[PDB]
J.: 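Please read through the structure below; I'll follow up with questions.
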Amino acid sequence: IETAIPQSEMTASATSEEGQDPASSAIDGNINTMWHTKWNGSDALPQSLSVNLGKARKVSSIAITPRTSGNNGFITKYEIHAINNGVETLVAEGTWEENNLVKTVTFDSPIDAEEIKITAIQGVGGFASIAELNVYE
Ligand SMILES: OC[C@H]1O[C@@H](O)[C@H](O)[C@@H](O)[C@H]1O
Ligand SMILES: [Ca+2]
């Protein structure tokens, strides 16, 4: 048993976004639209995407769907922080491969969080992109 938090209950924000690729496009249920930092490369990494969850949640996993086409912004090095009451705390970090496969992060002990922040430390082309982000309880 695991349950998907409705993305419609989420709101998204990013420190860098191309006009065509806003933070909100990371949570619209469409793998053809992405969040992407600004194409002109002016916002050097790290850049981040914050997703507010709507209420206090107990999250057991996160699925990070890369762009369905192209490679620019495949995140290769990341951090994940959670915001709860309203303390911010580092909860995941590592390296991801250079491909378009969904990247999962699982919490054996489910974490309390009202908001999650994905920080892209390194990414291809010096960009960060996420086509879809889902959060599971
Ligand atoms: O300049 C950066 C841009 O490059 C394009 O080729 C790509 O389709 C966009 O997603 C964006 O990454
Ligand atoms: Ca999307």
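First listed ligand is number 1; within each ligand, the first listed atom is number 1. Start at 1 with the first residue, then count along the sequence.
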J.: Provide, to 0.1 Å, the distance between atom 6 (O) of ligand 1 and the closest protein heavy atom, together with that atom's residue and name.
T.: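 Here the closest protein heavy atom is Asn72 ND2, 4.2 Å.
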
J.: Does atom NZ (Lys77) have a neighbourhood of more than 12 heavy atoms from anything else shown, all under 6.0 Å?
T.: no

J.: Do the rings of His36 and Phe127 sit parallel, tilted or perpendicular, given the 30° and 60° boundaries?
T.: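 Ring orientation of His36 relative to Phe127: tilted.
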
J.: Heavy atom under 4.0 Å from ligand 1: found in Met34's side chain, backbone, both, or neither?
T.: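 Within the 4.0 Å criterion, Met34 makes no contact with ligand 1.
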
J.: Among the N/O/S atoms of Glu132, select the one at the shortest distance from the Ca ion (ligand 2) and name it.
T.: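 Looking only at N, O and S atoms of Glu132, the one nearest the Ca ion (ligand 2) is named OE2.
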
J.: Are a donor atom and an acceptor atom from the side chains of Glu137 and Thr3 found within less than 3.5 Å of each other?
T.: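 No.
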
J.: Show which atoms of ligand 1 fall inside a sub-4.0 Å distance from at least one heavy-atom site of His36.
T.: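 The atoms of ligand 1 under 4.0 Å from a heavy atom of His36 are 10 (O), 11 (C), 12 (O).
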
J.: Just to verify, what does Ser48 make a side chain to side chain donor-acceptor pair (under 3.5 Å) with, not counting sequence neighbours?
T.: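 In terms of side chain to side chain donor-acceptor pair (under 3.5 Å), with neighbours along the sequence ignored, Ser48 is linked to no residue.
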
J.: Need one value: angle at the Ca ion (ligand 2), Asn30 atom O versus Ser25 atom O, rounded to 10 degrees.
T.: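 Value, to the nearest 10 degrees: 170°.
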
J.: Which angle, to 10 degrees, forms at the Ca ion (ligand 2) with O of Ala131 on one side and O of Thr33 on the other?
T.: 70°

J.: Check whether any N or O atom of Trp39, backbone or side chain, sits under 3.5 Å from an N or O atom of ligand 1, and answer yes or no.
T.: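 Yes, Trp39 has an N/O under 3.5 Å of an N/O on ligand 1.
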
J.: Mind running side chain to side chain contact (heavy atoms under 4.5 Å, CB included) on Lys117 and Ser50 for me, showing each step along the way?
T.: CA-CA 4 Å; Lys117 193 194 204 177; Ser50 301; 3.4 Å; yes

J.: Show your reasoning for whether side chain to side chain contact (heavy atoms under 4.5 Å, CB included) applies to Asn84 and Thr89.
T.: CA-CA 8 Å; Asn84 197 58; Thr89 162; over 6 Å; no

J.: Restricting to N, O or S atoms, which atom of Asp28 is closest to the Ca ion (ligand 2)?
T.: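 Distance check against the Ca ion (ligand 2) picks out OD1 in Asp28.
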
J.: Would you check if there is a donor-acceptor pair between the side chains of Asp21 and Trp39 at a distance under 3.5 Å?
T.: yes

J.: Relative to the heavy atoms of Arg67, which atoms of ligand 1 are at a distance of less than 4.0 Å?
T.: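 Answer for ligand 1: 7 (C), 8 (O), 9 (C), 10 (O), 12 (O).
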
